[PDB]
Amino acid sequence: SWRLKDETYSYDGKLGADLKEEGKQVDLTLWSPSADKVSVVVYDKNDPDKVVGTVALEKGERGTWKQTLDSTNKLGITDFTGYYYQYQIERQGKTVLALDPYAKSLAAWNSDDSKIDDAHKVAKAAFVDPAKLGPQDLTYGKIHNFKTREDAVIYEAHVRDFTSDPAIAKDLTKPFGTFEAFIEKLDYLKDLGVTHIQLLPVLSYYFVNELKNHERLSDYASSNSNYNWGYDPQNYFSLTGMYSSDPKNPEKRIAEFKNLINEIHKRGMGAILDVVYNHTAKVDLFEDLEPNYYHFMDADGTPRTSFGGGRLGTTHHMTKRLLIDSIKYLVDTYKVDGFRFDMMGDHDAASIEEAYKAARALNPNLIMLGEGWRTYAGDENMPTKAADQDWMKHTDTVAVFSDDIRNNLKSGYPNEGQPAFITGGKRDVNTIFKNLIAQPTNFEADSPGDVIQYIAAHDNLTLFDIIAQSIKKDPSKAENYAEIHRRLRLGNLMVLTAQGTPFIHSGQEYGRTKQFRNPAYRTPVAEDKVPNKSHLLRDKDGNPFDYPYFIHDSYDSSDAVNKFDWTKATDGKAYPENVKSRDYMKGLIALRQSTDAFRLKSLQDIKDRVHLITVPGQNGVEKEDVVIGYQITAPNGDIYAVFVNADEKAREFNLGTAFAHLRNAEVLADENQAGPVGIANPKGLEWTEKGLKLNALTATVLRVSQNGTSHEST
């Protein structure tokens, strides 16, 4: 029983291998209460296959094992730095090789060798001292335009994707797809105006061959690729080697990642780490350490499983401190600015709340968010409050993604690809309004800061591709490309002016695609050739698009699928529509940052200040429609208004006497541009007798500045 094991062996002392005396000594502590013996196997720093020696540990308090390696070793080592190790643990006459769960770095890891021998089944840890690596001045972000969670603008990027486009090889001075190559494209992000860059999992993950990390994955593939998003966790303190200049040097990834974080900070941004504590890649990672303990279990003690590995049981004392120690070590070592929890609804609320508190005590401006789906499994017959969307009414700490706004604007599970608000499918106007004020309909958000507002992310089809599928129009036709971009800008404007915390998938700003443009796949292929995780996109007549296969889950896809396209993102001669959308997103960000009208800090303040103008059923607005219009009274007394016409015809928005004051407003966004300065000659708008008319697929934002108003009418 894990609960009984806790009463008898709950240990709160230090764990891991602490490299001491400029490398002359190492102190080792492992928790393994059921072990009969525990030795450390030391592998050579130059040839990790070679065992240099094995040293017995001795029993310590509360189920731990401990040893000091020093001067007096007969390993022939005078500096331990860079040597590798595993624990050899004996139980009931059986011996296993286990990974130190508190390993601070690792040997280059290649899962294609995992069957060779027991020493290859899991990574080997490295003795390293992170404090002495990287910029010694690294500290927490001083993040521009940011005071509290509602002021964050999050940008979700995978480290490889962000510099894996062969088109930028000419400009890169560091190995593509690494932490230091990422630095070289940071100015684009500073210029975009985002506040926090959320990176896909940088902690060590299992299914990958890090020895091929400099190889270009240039053939289209959507399965069996060396590429990995990283959701197959191996260790919660060590960085993967996949984004390192040299995976074989266990200190380099740490220095390089410190350098990356410091450069993000120098540019006035912060870093958020995607972390995957909900499950490990392999049951044995932790079962080999202590049997029938670390994972959520059936009543008989069988480890419960998720994504092919063990569900970590964060209610259990040593699993709880694994999560918490990991969060603290990552904040203090790498000075990050927040975390995004994967499958956060799998965890007990108490763990997630305690991680938040611990992290904030180190970095008082740190923020968190997570996938709050209702997914809790836990221990059999041990119901527990989970850190899911229903936790939001009980806490004002960690936010959750809002599937209500994503689904209602452009579809999501179940029902992916069904027309929705920006894709030709009428939706309940009050449901759209409530979402835009950070009041989703599927959970109770009693703070706009509880709500991460988004329409695209790394999973599912990209905003560009899901729009193309939904409206059923082939982007290879110029007029359809333009239309898709109109709809993408409208969706982006809805999110960037919504209450709550907006979240931007890397590439959403320009209309990134995951179309499987393999020359052999121009037209539909035989069923046994169909690319894994694809949809075959069709026009309204049911004709395939040109290159009809689009990847909707690119977790196991090559760079040809996953690269961020820098030519579409930045070369406005070659791709004027994409760059126009990018610049539309930059301006929308600048618009949001210019006023706190779009980022009110309480529910009560949103109730007082935000009012629906397009009342469903009145004045040409149907109960369910593809238009919406609303007003905000900003805290300084200025009046903003957002109007969206997602119909394929011109639509009128009725102002009457109640909203007549919007007639002498500056236009901050129109069909071409967005930003904080009034647009000289606004396009797509027409003032009429009843109010305001927008062109088809057009959105606008208005501002009335009280400093230009009458002294007498008052």
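So that there is no doubt, residue numbering starts at 1 and follows the sequence shown.
Just going by the entry, 586-594 versus 195-203 on mean CA temperature factor gives the higher value to 586-594.
Of the two segments examined, 457-465 and 603-611, it is 603-611 that shows the higher average Cα temperature factor in the deposited entry. Residues shown: 479, 210, 263, 404. Highest C-alpha temperature factor in the entry: 479. Among 311, 115, 374, 190, the highest C-alpha B-factor recorded in the PDB entry belongs to 115. Split the chain's modelled residues into thirds by C-alpha temperature factor. Residue 253 is in the lowest one. Residue 548: CA B factor lies in the middle third for its chain, per the PDB record. In the deposited entry, the Cα temperature factor of residue 416 sits in the middle third of values across the chain's modelled residues. Among the modelled residues of the chain, residue 95 sits in the highest third by CA temperature factor in this PDB entry.
In the deposited entry, the Cα temperature factor of residue 270 places it in the lowest third of its chain's modelled residues.
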